[PDB]
């Protein structure tokens, strides 16, 4: 039971979506402060995103997601994917593409460890790049061309600061902060903050690791879900 199974940052400034099982919350956050606030109380994914009702993303829920551009995002559940427009503040949310399987959405992932499911992913600052994580492996993909960038690598090799930590063999969830170029990584009950610089994964800065319920105290008594 990882506390947070998926996360992606909103088109709304300093807002983020955290998913756990078939449910989610929408938070307003402030880097540097423990002052985070719930804007949308824990509820069914299908309630917050009606276009997802009757799909793997509603039940059992979203296990990986990343922000792309505008109010669009990629979501996953097992071996399934959808490109969606969540249209913040309106009844106009919709699936642009899918549901389809991961390999159908991204043929470059066919016959890889990513085909059957993806642990987590976050939006890079460079071009249209996105970091995908599955076990102890990661790879960058450009979401527009849908082509891979670089080789599939061990997290520990691509990110030496994460080598030896609990993130080395996997990342349960993560998202790109509105404060660039930072990201948050989540593993089990813990999380950490990073400062990354595209191309130079080796030059990643990492903070000390903390329990989720201490860094985001507002989730206390709500998470684990």
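Positions refer to the first chain, counted from 1.
Engineer: Averaging C-alpha B-factors over each stretch, which comes out higher, 205-213 or 14-22?
Structural biologist: The entry gives the higher C-alpha B-factor average to 205-213.
Engineer: Going by the mean C-alpha B-factor recorded in the entry, which is higher: 45-53 or 154-162?
Structural biologist: Higher of the two, by average CA B-factor, is 154-162.
Engineer: Based on what the PDB entry reports, which of 115, 144, 104, 93 has the top C-alpha B-factor?
Structural biologist: The listed residue with the largest C-alpha B-factor is 144.
Engineer: Between 176, 62, 192, 33, where does the Cα B-factor run highest in the record?
Structural biologist: Max CA B-factor in the entry, restricted to 176, 62, 192, 33: 33.
Engineer: Can you work out whether the C-alpha temperature factor of residue 196 puts it in the lowest, middle or highest third of the chain?
Structural biologist: Answer is highest: the recorded C-alpha B-factor places it there.
Engineer: What third of its chain, lowest, middle or highest, does the C-alpha temperature factor of residue 67 fall into?
Structural biologist: For residue 67, the deposited C-alpha B-factor lands in the middle third.
Engineer: Which third of the chain does residue 83 land in by C-alpha B-factor: lowest, middle or highest?
Structural biologist: For residue 83, the deposited C-alpha B-factor lands in the middle third.
Engineer: Going by the CA temperature factor in the PDB record, which third of the chain does residue 135 belong to: lowest, middle or highest?
Structural biologist: Lowest third - that is where residue 135 ends up once the chain's C-alpha B-factors are sorted.
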